[PDB]
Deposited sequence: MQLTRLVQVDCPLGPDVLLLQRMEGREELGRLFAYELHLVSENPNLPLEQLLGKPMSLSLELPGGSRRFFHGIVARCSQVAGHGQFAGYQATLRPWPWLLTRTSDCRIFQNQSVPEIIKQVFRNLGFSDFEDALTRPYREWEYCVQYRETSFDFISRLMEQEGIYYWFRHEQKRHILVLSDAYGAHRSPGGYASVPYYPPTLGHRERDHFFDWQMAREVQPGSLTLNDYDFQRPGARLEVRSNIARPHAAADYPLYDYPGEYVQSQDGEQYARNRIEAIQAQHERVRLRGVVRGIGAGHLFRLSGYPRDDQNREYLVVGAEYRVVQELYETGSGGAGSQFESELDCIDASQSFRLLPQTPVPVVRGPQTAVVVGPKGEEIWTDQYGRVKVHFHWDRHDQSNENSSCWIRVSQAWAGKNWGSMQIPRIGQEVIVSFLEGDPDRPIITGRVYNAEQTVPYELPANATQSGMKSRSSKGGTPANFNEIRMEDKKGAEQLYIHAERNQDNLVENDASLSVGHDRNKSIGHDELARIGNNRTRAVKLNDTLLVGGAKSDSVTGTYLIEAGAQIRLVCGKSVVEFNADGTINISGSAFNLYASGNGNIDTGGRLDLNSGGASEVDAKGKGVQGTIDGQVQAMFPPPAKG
């Protein structure tokens, strides 16, 4: 008979003067309510945000309900006979546009993610009628977007759409990815067409009709890149053919958000089907009260036999007026044999540039990586994690030089700050592109005092202190240049062929304990001037062959009171306290001049203070002073 209102503040209190609105798959509905009352001050705030329910009486005594909430309301001028109120009726997912956040999801399918969101925000009136399996997303990020947009975006991408089901007292969001999740309203399995020139038919029926066709792209090719399998062919392609001319235009995109060719196939398919869903659209007008968006119906009685087929309502317009009554609707539908998909109309969030982040990992670790050198980080905007190994997925890190098991590598450690870039601005594809210092992670050299210094200084792990490091430092200060190398422990310089060391001026070497040198073949040393050797212990030279000691002026052998002097002019002096010259065989003592014995011609040789144990020791000790 009419439309009855069932709402807060009383049902009969508000009479529906008229209603106008729209339904559509994958979208939020909207209805304009023009309501009138007797109460001139009917509290708008007691309706705003509240559940509403329209009761349309249908044939057979059944009823169609329109449940939702008052997104917007208004009080308007009216008449002494009535108070005027208006309301914008919207579905509860609309409230997800009133809230926003940033958030990382890990190891979840999109269906699960959506459910997660609804649960997080206290919603329960929804139902999963999905039939297709979905890939598990390792890393998916909500970023600078509303919760609604996030959801919508995911659904358009994954090829999931939704429609609503109404119960007098609640509003249900049904998820679907198949025609099988759709239903025909009771008594509206098929709706007849009655050529409007015949006059208005009392039975619910159609009277207007239009079919539109448009040239769409015939093929979509996607691509991506998996660094774990670099040479793999990830190119995928989906094709849909149409009978008309010029139906073979290709599309190509990159990246397609997949690592498996199977996933790529699905995504390509979803997108090209969404496009192809626009190839043919059918518009009908009638007074049909039971059919809305998401419903299935079969057209009958239309002259052109071809059009008497089952359709899926993808959208609808409504117009209701009441007097104190008419009901008009317009349907927008497609051939039910077509695979309905949503068009990518929801904006995609883009990271507009680099962000800083902190490297994180397990509480007992210092360094945390894997076989690819990837690391995990904590983004400053992530207010929901615990700054640990569950913060984010593994992230590849740019190095100074990469190559086939060679190049440079300087793995970042926990607590260090890094610059994160995103491939094509996509929040789901982070990569490390630089290391930075901050007030905690300070620079290795005091600045600007040491601004002329550069280099690399490492740090022992685990438990290293400021004194535990290896470094290579370069000092460019004019007139005080330095190349400094420090090894915390051992140092090993291996040269496979020839090595060379050249020092323009002074070279010092100091070794705390033992030195061992071994020369493969020959060794030649030359000193242009003096060569001093001080030995605090004992010295032992052992030559397998000939040991030639040649001097150009004088050879001296001194040992306490034993003194031997060999002069270049042939003078040989030998002094001691006693001597024992012995031959097991014959001995000759010949002179060219006179041989004298006990004559007084020979005497002690002045050792000049040499060969004195105490003095010698002092000289050695002077080379090794205490610290």
Counting from 1 along the deposited sequence, which stretches were left out of the model?
1 to 4, 329 to 337, 641 to 643
